[PDB]
$ cat target16.txt   # compact mmCIF, N, CA and C atoms and all ligand atoms
# COMPACT_ATOMS: atom_id res chain seq x y z
N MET S 1 -12.91 1.34 14.12
CA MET S 1 -12.55 -0.09 14.28
C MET S 1 -11.71 -0.53 13.08
N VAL S 2 -10.48 -0.99 13.32
CA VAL S 2 -9.60 -1.42 12.18
C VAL S 2 -9.66 -2.94 12.03
N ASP S 3 -10.46 -3.64 12.85
CA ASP S 3 -10.31 -5.11 12.98
C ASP S 3 -10.69 -5.90 11.72
N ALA S 4 -11.64 -5.49 10.90
CA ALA S 4 -11.95 -6.34 9.73
C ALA S 4 -10.83 -6.23 8.68
N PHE S 5 -9.91 -5.25 8.78
CA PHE S 5 -8.75 -5.19 7.86
C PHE S 5 -7.67 -6.20 8.25
N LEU S 6 -7.70 -6.71 9.46
CA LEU S 6 -6.56 -7.50 9.95
C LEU S 6 -6.54 -8.86 9.28
N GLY S 7 -5.35 -9.34 8.99
CA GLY S 7 -5.14 -10.66 8.43
C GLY S 7 -4.20 -10.62 7.25
N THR S 8 -4.21 -11.72 6.51
CA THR S 8 -3.31 -11.95 5.38
C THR S 8 -4.14 -11.88 4.10
N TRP S 9 -3.67 -11.09 3.15
CA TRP S 9 -4.42 -10.71 1.94
C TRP S 9 -3.53 -10.96 0.73
N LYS S 10 -4.12 -11.53 -0.31
CA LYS S 10 -3.36 -11.86 -1.54
C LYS S 10 -3.93 -11.07 -2.72
N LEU S 11 -3.05 -10.50 -3.54
CA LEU S 11 -3.51 -9.74 -4.72
C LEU S 11 -4.18 -10.68 -5.72
N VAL S 12 -5.38 -10.30 -6.16
CA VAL S 12 -6.14 -11.07 -7.16
C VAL S 12 -6.57 -10.24 -8.36
N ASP S 13 -6.36 -8.94 -8.38
CA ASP S 13 -6.72 -8.10 -9.55
C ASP S 13 -5.92 -6.81 -9.43
N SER S 14 -5.53 -6.25 -10.56
CA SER S 14 -4.84 -4.95 -10.54
C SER S 14 -5.18 -4.17 -11.80
N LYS S 15 -5.52 -2.90 -11.60
CA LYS S 15 -5.84 -1.97 -12.69
C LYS S 15 -4.99 -0.71 -12.55
N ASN S 16 -4.28 -0.37 -13.62
CA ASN S 16 -3.55 0.90 -13.74
C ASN S 16 -2.35 1.02 -12.80
N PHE S 17 -1.79 -0.08 -12.33
CA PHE S 17 -0.61 0.02 -11.47
C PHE S 17 0.58 0.58 -12.25
N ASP S 18 0.71 0.25 -13.53
CA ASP S 18 1.83 0.82 -14.29
C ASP S 18 1.70 2.34 -14.35
N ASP S 19 0.50 2.86 -14.62
CA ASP S 19 0.32 4.32 -14.67
C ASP S 19 0.72 4.93 -13.31
N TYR S 20 0.29 4.32 -12.22
CA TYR S 20 0.61 4.84 -10.89
C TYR S 20 2.13 4.83 -10.65
N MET S 21 2.77 3.70 -10.92
CA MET S 21 4.23 3.61 -10.74
C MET S 21 4.95 4.63 -11.62
N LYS S 22 4.54 4.75 -12.88
CA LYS S 22 5.21 5.71 -13.78
C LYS S 22 5.00 7.14 -13.26
N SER S 23 3.84 7.47 -12.66
CA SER S 23 3.59 8.80 -12.08
C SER S 23 4.59 9.08 -10.95
N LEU S 24 4.97 8.06 -10.21
CA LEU S 24 5.94 8.18 -9.10
C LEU S 24 7.39 8.17 -9.61
N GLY S 25 7.63 7.98 -10.90
CA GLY S 25 9.00 7.97 -11.44
C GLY S 25 9.68 6.62 -11.31
N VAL S 26 8.93 5.55 -11.15
CA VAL S 26 9.53 4.19 -11.12
C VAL S 26 10.01 3.84 -12.52
N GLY S 27 11.22 3.30 -12.63
CA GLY S 27 11.82 2.94 -13.92
C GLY S 27 11.15 1.77 -14.60
N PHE S 28 11.33 1.69 -15.91
CA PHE S 28 10.57 0.71 -16.71
C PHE S 28 10.85 -0.72 -16.23
N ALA S 29 12.08 -1.06 -15.86
CA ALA S 29 12.40 -2.46 -15.53
C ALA S 29 11.71 -2.85 -14.23
N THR S 30 11.67 -1.94 -13.27
CA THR S 30 10.96 -2.19 -12.00
C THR S 30 9.46 -2.30 -12.27
N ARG S 31 8.91 -1.42 -13.10
CA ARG S 31 7.47 -1.50 -13.40
C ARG S 31 7.15 -2.84 -14.05
N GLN S 32 8.06 -3.32 -14.88
CA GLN S 32 7.86 -4.57 -15.61
C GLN S 32 7.73 -5.73 -14.61
N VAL S 33 8.66 -5.84 -13.66
CA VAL S 33 8.61 -6.92 -12.66
C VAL S 33 7.36 -6.74 -11.80
N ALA S 34 7.10 -5.53 -11.34
CA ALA S 34 5.95 -5.27 -10.45
C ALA S 34 4.61 -5.55 -11.13
N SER S 35 4.52 -5.45 -12.45
CA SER S 35 3.26 -5.72 -13.18
C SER S 35 2.91 -7.21 -13.15
N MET S 36 3.88 -8.06 -12.80
CA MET S 36 3.69 -9.52 -12.80
C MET S 36 3.73 -10.10 -11.39
N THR S 37 4.11 -9.38 -10.35
CA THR S 37 4.10 -9.96 -9.00
C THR S 37 2.70 -9.83 -8.41
N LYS S 38 2.44 -10.71 -7.47
CA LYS S 38 1.17 -10.73 -6.70
C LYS S 38 1.52 -10.72 -5.23
N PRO S 39 1.64 -9.54 -4.64
CA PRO S 39 2.07 -9.48 -3.26
C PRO S 39 1.03 -10.06 -2.30
N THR S 40 1.57 -10.36 -1.13
CA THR S 40 0.79 -10.70 0.06
C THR S 40 0.95 -9.56 1.05
N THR S 41 -0.18 -9.08 1.55
CA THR S 41 -0.21 -8.02 2.55
C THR S 41 -0.68 -8.62 3.86
N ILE S 42 0.05 -8.33 4.93
CA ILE S 42 -0.33 -8.82 6.26
C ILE S 42 -0.53 -7.59 7.13
N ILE S 43 -1.70 -7.50 7.74
CA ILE S 43 -2.05 -6.35 8.61
C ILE S 43 -2.35 -6.94 9.97
N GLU S 44 -1.56 -6.53 10.96
CA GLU S 44 -1.70 -7.01 12.34
C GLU S 44 -1.77 -5.82 13.29
N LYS S 45 -2.35 -6.06 14.48
CA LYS S 45 -2.32 -5.03 15.52
C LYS S 45 -1.85 -5.63 16.82
N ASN S 46 -1.26 -4.75 17.63
CA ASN S 46 -0.88 -5.05 19.02
C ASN S 46 -1.20 -3.78 19.80
N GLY S 47 -2.31 -3.79 20.51
CA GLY S 47 -2.78 -2.56 21.14
C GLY S 47 -3.03 -1.56 20.06
N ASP S 48 -2.45 -0.38 20.27
CA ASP S 48 -2.64 0.79 19.40
C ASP S 48 -1.68 0.76 18.22
N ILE S 49 -0.84 -0.25 18.08
CA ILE S 49 0.19 -0.27 17.02
C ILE S 49 -0.21 -1.25 15.93
N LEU S 50 -0.29 -0.75 14.71
CA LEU S 50 -0.53 -1.59 13.53
C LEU S 50 0.79 -1.87 12.84
N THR S 51 0.92 -3.07 12.31
CA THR S 51 2.06 -3.43 11.46
C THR S 51 1.51 -3.94 10.14
N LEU S 52 2.02 -3.37 9.06
CA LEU S 52 1.58 -3.71 7.69
C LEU S 52 2.82 -4.19 6.94
N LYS S 53 2.82 -5.48 6.61
CA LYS S 53 3.88 -6.12 5.83
C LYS S 53 3.39 -6.26 4.40
N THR S 54 4.28 -6.08 3.43
CA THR S 54 3.99 -6.42 2.04
C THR S 54 5.13 -7.29 1.55
N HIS S 55 4.79 -8.51 1.13
CA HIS S 55 5.77 -9.51 0.74
C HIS S 55 5.57 -9.88 -0.72
N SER S 56 6.67 -10.09 -1.40
CA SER S 56 6.61 -10.58 -2.78
C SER S 56 7.94 -11.18 -3.16
N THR S 57 7.98 -11.74 -4.36
CA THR S 57 9.23 -12.25 -4.93
C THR S 57 10.18 -11.13 -5.35
N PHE S 58 9.72 -9.89 -5.36
CA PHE S 58 10.54 -8.76 -5.83
C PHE S 58 10.91 -7.83 -4.69
N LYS S 59 9.97 -7.03 -4.19
CA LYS S 59 10.19 -6.08 -3.09
C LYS S 59 9.44 -6.58 -1.86
N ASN S 60 10.04 -6.41 -0.66
CA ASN S 60 9.36 -6.58 0.66
C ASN S 60 9.39 -5.24 1.40
N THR S 61 8.33 -4.92 2.13
CA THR S 61 8.30 -3.76 3.03
C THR S 61 7.61 -4.14 4.34
N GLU S 62 7.87 -3.32 5.35
CA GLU S 62 7.14 -3.41 6.61
C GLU S 62 7.12 -2.03 7.25
N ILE S 63 5.95 -1.64 7.74
CA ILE S 63 5.79 -0.41 8.52
C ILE S 63 5.01 -0.73 9.78
N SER S 64 5.32 0.00 10.84
CA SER S 64 4.50 0.01 12.05
C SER S 64 4.11 1.45 12.38
N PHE S 65 2.90 1.63 12.87
CA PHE S 65 2.38 2.97 13.10
C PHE S 65 1.22 2.90 14.07
N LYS S 66 0.88 4.08 14.59
CA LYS S 66 -0.31 4.26 15.44
C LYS S 66 -1.24 5.08 14.54
N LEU S 67 -2.54 4.77 14.48
CA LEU S 67 -3.47 5.58 13.70
C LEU S 67 -3.38 7.01 14.18
N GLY S 68 -3.35 7.92 13.22
CA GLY S 68 -3.40 9.34 13.50
C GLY S 68 -2.11 9.93 13.99
N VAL S 69 -1.00 9.20 13.93
CA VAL S 69 0.31 9.70 14.39
C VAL S 69 1.28 9.59 13.22
N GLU S 70 1.89 10.69 12.84
CA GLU S 70 2.82 10.70 11.71
C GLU S 70 4.01 9.78 11.97
N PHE S 71 4.51 9.15 10.92
CA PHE S 71 5.71 8.30 10.99
C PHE S 71 6.53 8.51 9.73
N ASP S 72 7.83 8.32 9.85
CA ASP S 72 8.71 8.29 8.69
C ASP S 72 8.57 6.93 7.99
N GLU S 73 8.62 6.95 6.67
CA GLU S 73 8.52 5.72 5.88
C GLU S 73 9.48 5.84 4.70
N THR S 74 10.10 4.72 4.37
CA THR S 74 10.89 4.60 3.13
C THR S 74 10.17 3.56 2.28
N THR S 75 9.60 4.01 1.17
CA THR S 75 8.68 3.17 0.41
C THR S 75 9.42 2.12 -0.40
N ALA S 76 8.64 1.22 -1.01
CA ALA S 76 9.22 0.14 -1.82
C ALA S 76 10.08 0.69 -2.96
N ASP S 77 9.69 1.84 -3.50
CA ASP S 77 10.39 2.54 -4.58
C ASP S 77 11.37 3.59 -4.04
N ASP S 78 11.71 3.51 -2.76
CA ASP S 78 12.81 4.27 -2.13
C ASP S 78 12.50 5.76 -1.99
N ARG S 79 11.23 6.13 -1.91
CA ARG S 79 10.89 7.50 -1.50
C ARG S 79 10.93 7.60 0.02
N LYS S 80 11.49 8.69 0.52
CA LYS S 80 11.51 8.98 1.96
C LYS S 80 10.39 9.96 2.24
N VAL S 81 9.36 9.48 2.89
CA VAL S 81 8.09 10.23 3.02
C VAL S 81 7.70 10.40 4.48
N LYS S 82 6.80 11.34 4.70
CA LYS S 82 6.10 11.54 5.97
C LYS S 82 4.72 10.94 5.79
N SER S 83 4.37 9.99 6.64
CA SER S 83 3.14 9.21 6.49
C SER S 83 2.21 9.37 7.66
N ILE S 84 0.93 9.22 7.39
CA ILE S 84 -0.07 9.10 8.47
C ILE S 84 -1.17 8.19 7.95
N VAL S 85 -1.66 7.34 8.82
CA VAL S 85 -2.74 6.39 8.50
C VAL S 85 -3.88 6.68 9.46
N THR S 86 -5.10 6.75 8.93
CA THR S 86 -6.29 7.02 9.75
C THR S 86 -7.46 6.23 9.19
N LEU S 87 -8.51 6.14 9.97
CA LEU S 87 -9.78 5.58 9.51
C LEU S 87 -10.70 6.73 9.14
N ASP S 88 -11.31 6.61 7.97
CA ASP S 88 -12.14 7.69 7.41
C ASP S 88 -13.28 7.01 6.67
N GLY S 89 -14.49 7.11 7.19
CA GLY S 89 -15.62 6.45 6.53
C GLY S 89 -15.48 4.94 6.51
N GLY S 90 -14.79 4.39 7.50
CA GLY S 90 -14.52 2.94 7.56
C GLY S 90 -13.39 2.51 6.64
N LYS S 91 -12.77 3.44 5.92
CA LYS S 91 -11.63 3.13 5.03
C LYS S 91 -10.34 3.42 5.78
N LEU S 92 -9.33 2.63 5.50
CA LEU S 92 -8.02 2.84 6.09
C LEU S 92 -7.24 3.72 5.10
N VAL S 93 -6.98 4.98 5.44
CA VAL S 93 -6.40 5.98 4.53
C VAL S 93 -4.97 6.24 4.94
N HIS S 94 -4.04 5.95 4.04
CA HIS S 94 -2.60 6.17 4.24
C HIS S 94 -2.18 7.30 3.31
N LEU S 95 -1.76 8.42 3.89
CA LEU S 95 -1.28 9.59 3.15
C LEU S 95 0.23 9.67 3.27
N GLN S 96 0.93 9.78 2.15
CA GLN S 96 2.38 9.99 2.09
C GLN S 96 2.65 11.37 1.52
N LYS S 97 3.58 12.09 2.14
CA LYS S 97 3.96 13.45 1.73
C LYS S 97 5.48 13.52 1.58
N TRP S 98 5.97 14.06 0.48
CA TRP S 98 7.42 14.23 0.28
C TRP S 98 7.62 15.27 -0.81
N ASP S 99 8.55 16.18 -0.62
CA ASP S 99 8.90 17.16 -1.68
C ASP S 99 7.66 17.94 -2.12
N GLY S 100 6.69 18.15 -1.23
CA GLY S 100 5.44 18.83 -1.61
C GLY S 100 4.46 17.94 -2.38
N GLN S 101 4.85 16.73 -2.76
CA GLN S 101 3.99 15.73 -3.43
C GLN S 101 3.18 15.00 -2.39
N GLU S 102 2.12 14.40 -2.86
CA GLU S 102 1.36 13.48 -2.01
C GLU S 102 0.91 12.29 -2.82
N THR S 103 0.67 11.22 -2.12
CA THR S 103 -0.06 10.07 -2.67
C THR S 103 -0.90 9.48 -1.56
N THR S 104 -2.05 8.95 -1.93
CA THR S 104 -2.93 8.25 -0.98
C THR S 104 -3.05 6.79 -1.37
N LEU S 105 -3.08 5.97 -0.33
CA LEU S 105 -3.27 4.52 -0.41
C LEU S 105 -4.49 4.24 0.45
N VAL S 106 -5.63 4.01 -0.17
CA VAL S 106 -6.92 3.92 0.53
C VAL S 106 -7.41 2.48 0.45
N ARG S 107 -7.68 1.88 1.59
CA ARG S 107 -8.17 0.49 1.65
C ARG S 107 -9.60 0.49 2.15
N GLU S 108 -10.43 -0.27 1.46
CA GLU S 108 -11.86 -0.39 1.80
C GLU S 108 -12.26 -1.85 1.63
N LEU S 109 -13.15 -2.31 2.49
CA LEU S 109 -13.68 -3.67 2.40
C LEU S 109 -14.99 -3.60 1.66
N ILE S 110 -15.08 -4.37 0.59
CA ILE S 110 -16.30 -4.45 -0.27
C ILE S 110 -16.55 -5.94 -0.49
N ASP S 111 -17.68 -6.43 0.01
CA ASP S 111 -18.09 -7.84 -0.17
C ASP S 111 -16.94 -8.77 0.25
N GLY S 112 -16.27 -8.44 1.35
CA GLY S 112 -15.22 -9.27 1.96
C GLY S 112 -13.88 -9.15 1.27
N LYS S 113 -13.77 -8.40 0.19
CA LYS S 113 -12.48 -8.19 -0.49
C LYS S 113 -11.93 -6.85 -0.02
N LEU S 114 -10.62 -6.75 -0.04
CA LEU S 114 -9.94 -5.49 0.32
C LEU S 114 -9.54 -4.80 -0.98
N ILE S 115 -10.10 -3.61 -1.19
CA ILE S 115 -9.83 -2.81 -2.39
C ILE S 115 -8.89 -1.69 -1.99
N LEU S 116 -7.72 -1.69 -2.59
CA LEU S 116 -6.68 -0.67 -2.39
C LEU S 116 -6.72 0.27 -3.59
N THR S 117 -6.99 1.55 -3.33
CA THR S 117 -6.96 2.57 -4.37
C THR S 117 -5.74 3.45 -4.13
N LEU S 118 -4.90 3.56 -5.15
CA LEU S 118 -3.62 4.29 -5.11
C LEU S 118 -3.76 5.50 -6.03
N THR S 119 -3.60 6.71 -5.49
CA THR S 119 -3.75 7.92 -6.29
C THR S 119 -2.50 8.76 -6.20
N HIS S 120 -1.93 9.14 -7.32
CA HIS S 120 -0.81 10.10 -7.37
C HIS S 120 -0.96 10.88 -8.66
N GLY S 121 -0.84 12.18 -8.59
CA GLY S 121 -1.09 12.97 -9.80
C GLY S 121 -2.50 12.68 -10.28
N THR S 122 -2.65 12.36 -11.55
CA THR S 122 -3.95 11.98 -12.10
C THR S 122 -4.15 10.47 -12.08
N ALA S 123 -3.12 9.69 -11.77
CA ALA S 123 -3.15 8.23 -11.86
C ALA S 123 -3.95 7.66 -10.70
N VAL S 124 -4.87 6.77 -11.03
CA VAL S 124 -5.71 6.07 -10.04
C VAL S 124 -5.62 4.59 -10.35
N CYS S 125 -5.05 3.85 -9.42
CA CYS S 125 -4.87 2.40 -9.54
C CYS S 125 -5.75 1.70 -8.51
N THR S 126 -6.40 0.63 -8.95
CA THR S 126 -7.27 -0.15 -8.08
C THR S 126 -6.74 -1.58 -8.03
N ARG S 127 -6.40 -2.02 -6.84
CA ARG S 127 -5.87 -3.38 -6.61
C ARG S 127 -6.76 -4.08 -5.61
N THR S 128 -7.08 -5.30 -5.95
CA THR S 128 -8.05 -6.08 -5.17
C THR S 128 -7.33 -7.24 -4.52
N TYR S 129 -7.58 -7.38 -3.23
CA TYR S 129 -6.98 -8.40 -2.38
C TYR S 129 -8.09 -9.26 -1.78
N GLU S 130 -7.72 -10.75 -1.77
CA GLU S 130 -8.60 -11.77 -1.19
C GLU S 130 -7.98 -12.23 0.13
N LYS S 131 -8.79 -12.43 1.12
CA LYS S 131 -8.23 -12.84 2.43
C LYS S 131 -7.79 -14.30 2.37
N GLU S 132 -6.62 -14.61 2.82
CA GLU S 132 -6.09 -15.98 3.08
C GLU S 132 -6.51 -16.45 4.49
N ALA S 133 -7.03 -17.69 4.61
CA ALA S 133 -7.52 -18.33 5.85
C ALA S 133 -6.37 -18.51 6.85
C1 LIG A 201 5.08 -1.72 -0.33
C2 LIG A 201 4.70 -2.46 -1.63
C3 LIG A 201 5.82 -3.07 -2.47
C4 LIG A 201 6.41 -4.37 -1.93
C5 LIG A 201 5.92 -5.47 -2.85
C6 LIG A 201 5.77 -4.68 -4.12
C7 LIG A 201 5.76 -5.52 -5.37
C8 LIG A 201 5.15 -4.56 -6.34
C9 LIG A 201 3.90 -4.03 -5.64
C10 LIG A 201 4.12 -3.00 -4.52
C11 LIG A 201 5.09 -1.83 -4.78
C12 LIG A 201 5.80 -2.03 -6.09
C13 LIG A 201 7.29 -2.26 -5.92
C14 LIG A 201 7.95 -1.61 -7.12
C15 LIG A 201 7.99 -0.09 -6.97
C16 LIG A 201 6.59 0.52 -6.91
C17 LIG A 201 6.19 0.79 -5.46
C18 LIG A 201 5.12 1.89 -5.36
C19 LIG A 201 4.68 2.03 -3.90
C20 LIG A 201 4.38 0.61 -3.43
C21 LIG A 201 2.95 0.28 -3.82
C22 LIG A 201 2.42 -0.97 -3.13
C23 LIG A 201 1.27 -1.61 -3.92
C24 LIG A 201 0.71 -2.90 -3.25
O1 LIG A 201 0.77 -2.96 -1.88
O2 LIG A 201 -0.29 -3.63 -3.87
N1 LIG A 202 14.83 0.34 4.84
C1 LIG A 202 14.51 0.19 3.45
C2 LIG A 202 13.06 0.35 3.11
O1 LIG A 202 12.52 1.51 3.73
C3 LIG A 202 12.96 0.33 1.61
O2 LIG A 202 11.60 0.31 1.33
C4 LIG A 202 13.46 -0.99 1.08
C5 LIG A 202 13.26 -1.18 -0.43
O3 LIG A 202 12.53 -2.39 -0.77
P1 LIG A 202 13.25 -3.85 -0.65
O4 LIG A 202 13.56 -4.06 0.78
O5 LIG A 202 12.38 -4.87 -1.18
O6 LIG A 202 14.51 -3.67 -1.45
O7 LIG A 202 14.82 -1.23 1.51
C6 LIG A 202 15.03 -1.15 2.92
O8 LIG A 202 14.43 -2.28 3.53
$ encode --input "target16.txt" --output "structure tokens"
Amino acid sequence: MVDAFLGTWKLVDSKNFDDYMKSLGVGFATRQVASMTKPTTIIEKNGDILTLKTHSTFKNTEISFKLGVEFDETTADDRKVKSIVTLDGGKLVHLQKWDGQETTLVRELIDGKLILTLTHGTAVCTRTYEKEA
């Protein structure tokens, strides 16, 4: 069931995002702006198709996908990756693969907040999102 993830979510806490971005090769000026933005994430479904928007004053993205079906994605930092999103232990797990590299974007609901854990290399970033009414 993906339904408790659906809605509009606002960033309210971030840990180690600079380490994560630097692990991906994001340049210092982009990391600087991204360390101060607070994106809004919108997760919607229509039948079997999920759409995940990320909006901010700096970068915007949007992806649509079916759980368990690979899709091409061009990330906010301009990586061209092979992606798949699935539910695993009630967590929404997004795996990106490119050039033999991987990164995971794992979303979990804890006490009504959405916790996004971003892992690449040894870098582990935890970002916390609050639901907007
Ligand atoms: C798809 C997310 C980016 C669009 C809004 C991003 C503002 C900064 C936060 C998100 C990505 C950062 C943009 C700068 C390049 C780093 C991007 C690394 C992959 C995107 C991570 C998204 C993290 C977030 O959804 O909280
Ligand atoms: N098609 C691409 C996206 O795949 C890429 O992620 C994005 C970069 O982020 P932004 O749109 O904020 O420049 O540019 C375009 O929209």
$ residues_around --input "target16.txt" --residues "residue 114 of chain S" --least-positions-apart "5" --cutoff "6 Å" --atoms "all atoms listed in the file" --output "ChimeraX atom specification"
/S:108-109,127-130
$ atom_distance --input "target16.txt" --atom1 "atom C of residue 47 of chain S" --atom2 "atom CA of residue 66 of chain S"
7.9 Å
$ closest_atom_pairs --input "target16.txt" --of "chain S" --to "ligand LIG 202 (chain A)" --cutoff "6 Å" --atoms "all atoms listed in the file" --output "tab-separated table"
residue	atom	partner	partner_atom	distance
S:58	C	A:LIG202	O5	4.8
S:59	CA	A:LIG202	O5	3.1
S:60	N	A:LIG202	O5	2.8
S:61	N	A:LIG202	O5	5.2
S:73	C	A:LIG202	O1	5.4
S:74	C	A:LIG202	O1	3.4
S:75	C	A:LIG202	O2	3.3
S:76	N	A:LIG202	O2	3.9
S:77	N	A:LIG202	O2	5.4
S:78	N	A:LIG202	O2	5.2
$ closest_atom_pairs --input "target16.txt" --of "chain S" --to "ligand LIG 201 (chain A)" --cutoff "8 Å" --atoms "only C-alpha atoms and all ligand atoms" --output "JSON lines"
{"residue": "S:11", "atom": "CA", "partner": "A:LIG201", "partner_atom": "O2", "distance": 7.0}
{"residue": "S:17", "atom": "CA", "partner": "A:LIG201", "partner_atom": "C23", "distance": 7.9}
{"residue": "S:20", "atom": "CA", "partner": "A:LIG201", "partner_atom": "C18", "distance": 7.7}
{"residue": "S:21", "atom": "CA", "partner": "A:LIG201", "partner_atom": "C16", "distance": 5.5}
{"residue": "S:24", "atom": "CA", "partner": "A:LIG201", "partner_atom": "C18", "distance": 7.4}
{"residue": "S:26", "atom": "CA", "partner": "A:LIG201", "partner_atom": "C15", "distance": 6.2}
{"residue": "S:30", "atom": "CA", "partner": "A:LIG201", "partner_atom": "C14", "distance": 5.8}
{"residue": "S:31", "atom": "CA", "partner": "A:LIG201", "partner_atom": "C14", "distance": 6.3}
{"residue": "S:33", "atom": "CA", "partner": "A:LIG201", "partner_atom": "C8", "distance": 7.6}
{"residue": "S:34", "atom": "CA", "partner": "A:LIG201", "partner_atom": "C8", "distance": 4.2}
{"residue": "S:35", "atom": "CA", "partner": "A:LIG201", "partner_atom": "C8", "distance": 7.2}
{"residue": "S:37", "atom": "CA", "partner": "A:LIG201", "partner_atom": "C7", "distance": 6.0}
{"residue": "S:38", "atom": "CA", "partner": "A:LIG201", "partner_atom": "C7", "distance": 7.1}
{"residue": "S:39", "atom": "CA", "partner": "A:LIG201", "partner_atom": "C5", "distance": 5.6}
{"residue": "S:40", "atom": "CA", "partner": "A:LIG201", "partner_atom": "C5", "distance": 7.9}
{"residue": "S:41", "atom": "CA", "partner": "A:LIG201", "partner_atom": "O1", "distance": 6.8}
{"residue": "S:53", "atom": "CA", "partner": "A:LIG201", "partner_atom": "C1", "distance": 7.7}
{"residue": "S:54", "atom": "CA", "partner": "A:LIG201", "partner_atom": "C4", "distance": 5.1}
{"residue": "S:55", "atom": "CA", "partner": "A:LIG201", "partner_atom": "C5", "distance": 5.4}
{"residue": "S:56", "atom": "CA", "partner": "A:LIG201", "partner_atom": "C5", "distance": 5.2}
{"residue": "S:57", "atom": "CA", "partner": "A:LIG201", "partner_atom": "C7", "distance": 7.6}
{"residue": "S:58", "atom": "CA", "partner": "A:LIG201", "partner_atom": "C7", "distance": 5.8}
{"residue": "S:59", "atom": "CA", "partner": "A:LIG201", "partner_atom": "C4", "distance": 4.3}
{"residue": "S:60", "atom": "CA", "partner": "A:LIG201", "partner_atom": "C4", "distance": 4.5}
{"residue": "S:61", "atom": "CA", "partner": "A:LIG201", "partner_atom": "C1", "distance": 5.1}
{"residue": "S:62", "atom": "CA", "partner": "A:LIG201", "partner_atom": "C1", "distance": 7.4}
{"residue": "S:75", "atom": "CA", "partner": "A:LIG201", "partner_atom": "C19", "distance": 6.0}
{"residue": "S:76", "atom": "CA", "partner": "A:LIG201", "partner_atom": "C3", "distance": 4.7}
{"residue": "S:77", "atom": "CA", "partner": "A:LIG201", "partner_atom": "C15", "distance": 4.3}
{"residue": "S:116", "atom": "CA", "partner": "A:LIG201", "partner_atom": "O2", "distance": 7.2}
{"residue": "S:118", "atom": "CA", "partner": "A:LIG201", "partner_atom": "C23", "distance": 7.8}
{"residue": "S:127", "atom": "CA", "partner": "A:LIG201", "partner_atom": "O2", "distance": 6.2}
$ axis_aligned_box --input "target16.txt" --around "segment 30-43 of chain S" --padding-each-side "4 Å" --output "lines of an AutoDock Vina configuration file"
center_x = 4.7
center_y = -6.1
center_z = -2.8
size_x = 22.0
size_y = 17.3
size_z = 33.6
$ select_by_dssp --input "target16.txt" --residues "chain S" --states "alpha helix (DSSP H)" --output "list in words"
residues 17, 18, 19, 20, 21, 22, 23, 28, 29, 30, 31, 32, 33 and 34 of chain S
$ atom_distance --input "target16.txt" --atom1 "atom C of residue 51 of chain S" --atom2 "atom C of residue 63 of chain S"
4.8 Å
$ closest_residue --input "target16.txt" --among "S:88, S:44, S:102, S:132" --to "residue 120 of chain S" --atoms "only N, CA and C atoms"
S:102
$ atom_distance --input "target16.txt" --atom1 "atom C of residue 85 of chain S" --atom2 "atom C of residue 112 of chain S"
20.4 Å
$ select_by_dssp --input "target16.txt" --residues "segment 79-111 of chain S" --states "strand (DSSP E)" --output "number ranges by chain"
S: 80-88, 91-98, 101-110
$ residues_around --input "target16.txt" --residues "residue 64 of chain S" --least-positions-apart "6" --cutoff "6.5 Å" --atoms "only N, CA and C atoms" --output "tab-separated table (two decimals) with N, CA and C atoms, keeping the file's coordinate frame"
chain	number	residue	atom	x	y	z
S	49	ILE	N	-0.84	-0.25	18.08
S	49	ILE	CA	0.19	-0.27	17.02
S	49	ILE	C	-0.21	-1.25	15.93
S	50	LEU	N	-0.29	-0.75	14.71
S	50	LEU	CA	-0.53	-1.59	13.53
S	50	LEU	C	0.79	-1.87	12.84
S	51	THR	N	0.92	-3.07	12.31
S	51	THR	CA	2.06	-3.43	11.46
S	51	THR	C	1.51	-3.94	10.14
S	52	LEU	N	2.02	-3.37	9.06
S	52	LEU	CA	1.58	-3.71	7.69
S	52	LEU	C	2.82	-4.19	6.94
$ closest_residue --input "target16.txt" --among "S:25, S:69, S:1, S:124" --to "residue 90 of chain S" --atoms "all atoms listed in the file"
S:1
$ closest_residue --input "target16.txt" --among "S:126, S:115, S:42, S:87" --to "residue 2 of chain S" --atoms "only N, CA and C atoms"
S:87
$ decode --input "target16.txt" --residues "segment 12-19 of chain S" --atoms "N, CA and C atoms" --output "mmCIF file, in the first residue's frame"
data_model
loop_
_atom_site.group_PDB
_atom_site.id
_atom_site.type_symbol
_atom_site.label_atom_id
_atom_site.label_comp_id
_atom_site.auth_asym_id
_atom_site.auth_seq_id
_atom_site.Cartn_x
_atom_site.Cartn_y
_atom_site.Cartn_z
ATOM 1 N N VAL S 12 11.649 19.811 6.730
ATOM 2 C CA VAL S 12 11.769 20.453 8.056
ATOM 3 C C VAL S 12 13.062 20.094 8.783
ATOM 4 N N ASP S 13 13.889 19.206 8.266
ATOM 5 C CA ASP S 13 15.176 18.876 8.912
ATOM 6 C C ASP S 13 16.051 18.224 7.857
ATOM 7 N N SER S 14 17.352 18.448 7.929
ATOM 8 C CA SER S 14 18.275 17.785 7.000
ATOM 9 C C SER S 14 19.609 17.541 7.695
ATOM 10 N N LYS S 15 20.101 16.316 7.545
ATOM 11 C CA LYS S 15 21.399 15.894 8.090
ATOM 12 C C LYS S 15 22.248 15.281 6.983
ATOM 13 N N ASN S 16 23.460 15.814 6.825
ATOM 14 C CA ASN S 16 24.491 15.245 5.940
ATOM 15 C C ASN S 16 24.151 15.345 4.453
ATOM 16 N N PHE S 17 23.297 16.271 4.051
ATOM 17 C CA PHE S 17 23.008 16.412 2.615
ATOM 18 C C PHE S 17 24.244 16.886 1.868
ATOM 19 N N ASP S 18 25.072 17.734 2.467
ATOM 20 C CA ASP S 18 26.288 18.157 1.759
ATOM 21 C C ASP S 18 27.188 16.953 1.491
ATOM 22 N N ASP S 19 27.380 16.084 2.484
ATOM 23 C CA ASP S 19 28.218 14.884 2.271
ATOM 24 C C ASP S 19 27.637 14.053 1.116
#
